[PDB]
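Colleague: Attaching a single structure in structure tokens format; questions to follow.
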Protein chains: 2
Amino acid sequence: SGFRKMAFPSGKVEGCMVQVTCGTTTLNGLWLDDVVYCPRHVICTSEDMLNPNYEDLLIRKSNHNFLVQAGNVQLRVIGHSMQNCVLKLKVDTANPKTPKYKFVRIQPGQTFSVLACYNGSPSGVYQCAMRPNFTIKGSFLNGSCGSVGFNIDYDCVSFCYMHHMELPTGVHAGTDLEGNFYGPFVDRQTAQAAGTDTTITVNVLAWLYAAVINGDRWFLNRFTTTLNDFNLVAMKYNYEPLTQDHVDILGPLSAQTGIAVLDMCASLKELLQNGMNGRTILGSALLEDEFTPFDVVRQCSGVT
Amino acid sequence: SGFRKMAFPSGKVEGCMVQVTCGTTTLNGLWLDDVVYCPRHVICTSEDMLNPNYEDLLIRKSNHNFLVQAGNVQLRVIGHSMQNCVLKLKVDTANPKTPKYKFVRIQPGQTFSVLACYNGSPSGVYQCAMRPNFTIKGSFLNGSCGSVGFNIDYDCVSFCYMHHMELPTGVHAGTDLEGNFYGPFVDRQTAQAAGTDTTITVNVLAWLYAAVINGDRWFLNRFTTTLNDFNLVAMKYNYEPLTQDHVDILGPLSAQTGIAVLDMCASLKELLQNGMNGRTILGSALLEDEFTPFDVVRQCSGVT
Ligand SMILES: Cc1c(N)cncc1NC(=O)Cc1cccc(Cl)c1
Ligand SMILES: Cc1c(N)cncc1NC(=O)Cc1cccc(Cl)c1
């Protein structure tokens with residue numbers, strides 16, 4: 001028992017981190033097989049970031065201008081190409097520590113672990129959710145660019161995020177591993193609106209099921225609701241509307257606890273309308289939305 | 001910017017995890033050099049756990065009864081000994097993945113990362129604090145015994161905790177790597193009182209400094225206090241009394257923010273007396289005590 005904001009073990013990803021330097025800019029790269037992936041803004045100076053013409057800036061660079069260092073080992077760059085907002089540096093050596101991996105574009109509301117890195121060296125690991133507005137509320141400083149987000153399915157690492165930038169609001173934006181930004185963002189030093197965010201309803205419900213499994217049950221009530229009624233409350237409180245697809249993925253937790261999904265919605269409705277009354281759920285005084293139903297099942301069943 | 005409950009990268013510890021089976025009990029072991037460390041209750045059956053005589057139970061075991069498997073690789077056990085509540089199984093092969101390491105006994109209030117494991121395989125990583133009452137509020141299921149807690153100082157892993165058991169209250173107890181329990185606990189299936197716990201005051205103050213660094217400043221007020229006055233409030237609210245040693249370790253954060261430690265104590269006093277007023281600090285609606293002053297500096301400076 002107990003429920004923590006647990007990250008995946010980061011070892012498989014640590015073995016892929018390298019430092020990439022181009023000119024006077026150093027950031028992190030991800031070395032998988034014989035390719036190093038990194039944010040394309042490694043080719044910019046500070047003056048370039050106002051409105052970079054990436055195609056023109058990259059034309060001034062040759063393979064030998066990309067310095068890639070895997071801790072101690074220096075990699076020889078034999079090709080370079082830009083794909084969306086990432087650079088792919090072909091190296092002459094396949095990473096001996098390449099885990100089985102996939103590149104995936106996650107949906108908003110899904111969770112993943114981030115291995116925060118600086119100068120190609122891992123600093124720490126944390127779990128977070130991709131917000132419905134496609135930002136992440138990470139912990140990143142200058143030099144963290146190129147740090148990646150990922151999930152693990154037994155021996156396979158699915159990389160879903162590469163960090164690119166911090167918005168003026170202090171939230172983070174980045175791309176999938178094909179260099180496509182999540183959200184409307186562009187890799188430029190310009191103030192950019194992140195959409196209105198919402199709370200990930202299906203994850204709050206999953207976390208309430210995690211609370212019941214772990215013995216925190218005070219919020220369970222004698223009520224039920226309907227999807228329609230619940231969604232009027234969700235709209236008022238800036239929660240994502242709940243759909244039958246969300247009810248379906250909550251099925252395993254409903255079955256494990258014997259609490260019908262709409263009865264848990266009625267508990268969530270009462271918590272939204274009344275607050276927590278100075279009480280806590282799983283050590284939190286707010287409704288937590290960074291655990292998916294899959295995360296709750298994995299954590300509560302001890303999947304390796 | 002941003003502030004997360006960040007764990008150390010777990011790769012160096014993942015390389016040390018093995019599965020240990022003795023009879024019908026399987027748990028995790030830590031393979032460092034040519035020794036595997038694991039909880040001594042691997043030698044018990046369920047009937048034995050009521051009141052085990054560990055010396056007698058271990059006398060019935062020979063080296064060949066301890067099955068140690070490092071994923072695929074089977075280790076040959078050439079010696080066994082019990083040290084306090086841990087078994088040390090000497091194996092004929094030094095772990096090629098042994099990182100530089102130390103065994104340390106941490107103080108209550110200090111933090112560390114836990115690599116939760118099952119059957120010798122890592123499941124997830126999370127950061128937590130050793131409570132002032134020597135329990136940890138972990139996330140552990142049956143089979144997690146032998147999972148370890150650790151900190152990292154550049155290339156050195158300081159192992160501080162090995163997980164042994166879950167108390168009837170759902171909190172966790174374990175030992176240092178010499179097998180000495182933290183707290184009054186014994187490795188027996190008996191209800192055992194954990195002391196009265198308190199909130200780690202110096203860590204709440206460190207986290208308020210982390211909040212100011214990251215832009216959450218609403219709780220800063222026009223007041224100051226004294227150590228004596230603050231400690232009357234700390235006593236009323238079940239917080240650890242603040243000492244000059246705690247003020248001294250908060251010095252770097254006080255210097256970085258320009259907020260004198262006693263002025264931050266006055267903000268904490270007002271938060272204790274008034275609550276959060278439905279507001280949040282670093283995404284939390286309660287006062288967080290799982291970040292030490294060292295953690296805040298490390299996270300806010302990007303140490304690798
Ligand atoms: C400074 C920083 C922090 N704190 C966290 N994460 C990232 C950064 N780096 C940047 O945002 C630098 C940058 C500027 C403009 C566009 C792009 Cl793509 C990148
Ligand atoms: C069951 C469990 C969980 N959930 C989490 N962590 C650990 C466990 N295992 C136990 O507590 C088994 C045990 C019983 C009595 C004494 C000792 Cl030392 C160990």
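Every chain in the structure tokens has a letter given in the order shown (A, B, ...), and although residue numbers restart at 1 in each chain, ligands are simply numbered from 1 in the order shown.
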Pull out every residue of chain A sitting within 7 Å of chain B, counting only C-alpha atoms, and send them as a ChimeraX atom specification.
Modeller: /A:1-11,14,118,121-126,137-141,170,285-286,302-304
Colleague: As a PyMOL selection string, please: every residue in range 55-261 of chain B that DSSP puts in strand (DSSP E or B).
Modeller: chain B and resi 66-70+73-75+77-83+86-91+100-103+111-118+121-129+136+148-153+156-166+172-175+181+199+239
Colleague: Find the spatial neighbours of residue 258 in chain B, counting only C-alpha atoms, within a cut-off of 12 Å - ignore same-chain residues fewer than 6 positions away - and output them as a list in words.
Modeller: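 In the requested form, the answer reads residues 209, 212, 213, 250, 251, 252 and 264 of chain B.
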Colleague: Could you please determine the separation between CA of residue 253 in chain A and CA of residue 205 in chain A in Å, to one decimal place?
Modeller: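 Computing it gives 9.5 Å between the two atoms.
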Colleague: Apply DSSP to the backbone of this structure and, from range 73-263 of chain B, keep only the residues in alpha helix (DSSP H); write these as a PyMOL selection string.
Modeller: chain B and resi 201-213+227-236+244-249+251-257+261-263
Colleague: For residue 94 in chain B, please output as a ChimeraX atom specification all residues within 8 Å (counting only C-alpha atoms; exclusion window: fewer than 6 positions along the same chain).
Modeller: /B:32-35
Colleague: Mind dumping the selected residues with N, CA and C atoms as a compact mmCIF listing (two decimals), in the first residue's frame?
Modeller:
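Result saved to selection_38.txt:
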```txt
# COMPACT_ATOMS: atom_id res chain seq x y z
N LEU B 32 26.47 -5.90 -4.88
CA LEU B 32 27.54 -4.92 -4.93
C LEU B 32 28.81 -5.68 -4.75
N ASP B 33 29.76 -5.54 -5.71
CA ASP B 33 30.99 -6.34 -5.65
C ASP B 33 30.60 -7.84 -5.62
N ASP B 34 31.15 -8.66 -4.73
CA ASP B 34 30.80 -10.07 -4.68
C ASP B 34 29.88 -10.42 -3.53
N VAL B 35 29.02 -9.45 -3.12
CA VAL B 35 28.08 -9.73 -2.03
C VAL B 35 26.67 -9.31 -2.46
```
Colleague: When you look at range 101-112 of chain A with a cut-off of 10 Å (counting only C-alpha atoms), what residues show up, excluding the ones that are within fewer than 4 positions of it in the same chain? I need them as a PyMOL selection string.
Modeller: chain A and resi 6-8+12-13+32+126-136+148-153+155-161+175-178+180-183+198-203+240+289-295
Colleague: I need the residues from that last selection saved to file as a compact mmCIF listing (two decimals), in the first residue's frame (with C-alpha atoms), if you can.
Modeller:
```txt
# COMPACT_ATOMS: atom_id res chain seq x y z
CA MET A 6 6.33 7.19 -9.41
CA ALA A 7 8.57 7.51 -12.44
CA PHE A 8 9.76 4.65 -14.63
CA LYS A 12 17.64 2.56 -20.11
CA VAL A 13 17.35 6.26 -20.97
CA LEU A 32 19.78 5.59 -30.29
CA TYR A 126 10.11 12.77 -12.33
CA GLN A 127 6.68 11.77 -13.54
CA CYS A 128 4.31 14.26 -15.13
CA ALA A 129 1.28 14.55 -17.38
CA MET A 130 1.04 16.16 -20.81
CA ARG A 131 -1.53 18.91 -20.01
CA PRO A 132 -4.72 19.05 -22.11
CA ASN A 133 -3.21 22.32 -23.52
CA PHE A 134 -0.01 20.45 -24.59
CA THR A 135 2.34 22.04 -22.09
CA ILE A 136 4.10 20.19 -19.32
CA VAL A 148 13.39 13.39 -22.93
CA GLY A 149 10.10 12.05 -21.68
CA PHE A 150 9.30 8.37 -22.00
CA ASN A 151 7.26 5.38 -20.88
CA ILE A 152 8.44 1.76 -20.55
CA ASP A 153 6.50 -1.44 -21.56
CA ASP A 155 11.89 -3.91 -22.08
CA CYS A 156 10.69 -1.27 -24.56
CA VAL A 157 11.22 2.45 -24.10
CA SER A 158 8.62 4.58 -25.87
CA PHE A 159 10.10 8.05 -26.17
CA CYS A 160 7.32 10.61 -26.37
CA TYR A 161 8.85 13.99 -25.54
CA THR A 175 8.23 17.96 -29.33
CA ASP A 176 7.70 14.32 -30.14
CA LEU A 177 10.89 12.53 -31.37
CA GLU A 178 10.06 13.46 -34.98
CA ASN A 180 6.74 18.06 -34.08
CA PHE A 181 5.76 20.36 -31.21
CA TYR A 182 3.00 19.33 -28.89
CA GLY A 183 0.64 22.27 -29.01
CA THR A 198 -8.34 21.85 -17.99
CA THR A 199 -8.12 19.17 -15.30
CA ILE A 200 -7.80 15.59 -16.63
CA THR A 201 -11.05 14.17 -15.29
CA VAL A 202 -10.37 10.50 -16.07
CA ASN A 203 -7.07 10.75 -14.15
CA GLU A 240 -12.39 17.71 -19.22
CA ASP A 289 -4.74 14.50 -12.20
CA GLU A 290 -1.26 13.14 -13.05
CA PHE A 291 -2.11 9.44 -12.75
CA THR A 292 -3.86 7.67 -15.62
CA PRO A 293 -6.05 4.61 -15.00
CA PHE A 294 -3.14 2.51 -16.43
CA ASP A 295 -0.72 4.12 -13.95
```
Colleague: When distances are computed from only C-alpha atoms and all ligand atoms, which of B:86, B:58, B:186, B:18 shows the smallest separation from ligand 2?
Modeller: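 Distance minimum relative to ligand 2 lands on B:186.
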Colleague: For residue 279 in chain A, which residue out of A:265, A:60, A:217, A:239 is the nearest one, using only C-alpha atoms?
Modeller: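 Of all the options, A:217 lies closest to residue 279 in chain A.
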Colleague: Would you mind telling me which residue in A:179, A:195, A:184, A:39 lies nearest to ligand 1 when using only C-alpha atoms and all ligand atoms?
Modeller: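 Closest to ligand 1 of all the choices is A:39.
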Colleague: Between B:84, B:24, B:273, B:267, which residue has the minimum interatomic distance to residue 37 in chain B, considering only C-alpha atoms?
Modeller: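 Counting only C-alpha atoms, the residue closest to residue 37 in chain B is B:84.
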Colleague: So what do you get for CA of residue 225 in chain A versus CA of residue 277 in chain B, distance-wise?
Modeller: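 Spanning CA of residue 225 in chain A to CA of residue 277 in chain B is a straight-line distance of 29.2 Å.
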Colleague: Could you check the closest approach to residue 20 in chain A for each of A:231, A:69, A:83, A:74 and tell me which residue wins, using only C-alpha atoms?
Modeller: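 The shortest atom-to-atom distance to residue 20 in chain A comes from A:69.
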Colleague: With only C-alpha atoms and all ligand atoms as the basis for distance, which of B:62, B:196, B:51, B:72 is at the shortest distance from ligand 2?
Modeller: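 Counting only C-alpha atoms and all ligand atoms, the residue closest to ligand 2 is B:51.
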Colleague: Report as a PDB file with C-alpha atoms, in the first residue's frame all protein, DNA and RNA residues lying within 6 Å of residue 89 in chain A, evaluated on only C-alpha atoms, omitting residues in the same chain fewer than 3 positions from it.
Modeller:
```pdb
ATOM      1  CA  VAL A  35      21.650   8.616 -34.660  1.00  0.00           C
ATOM      2  CA  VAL A  36      21.704  11.437 -32.135  1.00  0.00           C
ATOM      3  CA  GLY A  79      25.588  13.180 -41.483  1.00  0.00           C
ATOM      4  CA  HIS A  80      23.097  15.776 -40.300  1.00  0.00           C
TER       5      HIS A  80
END
```
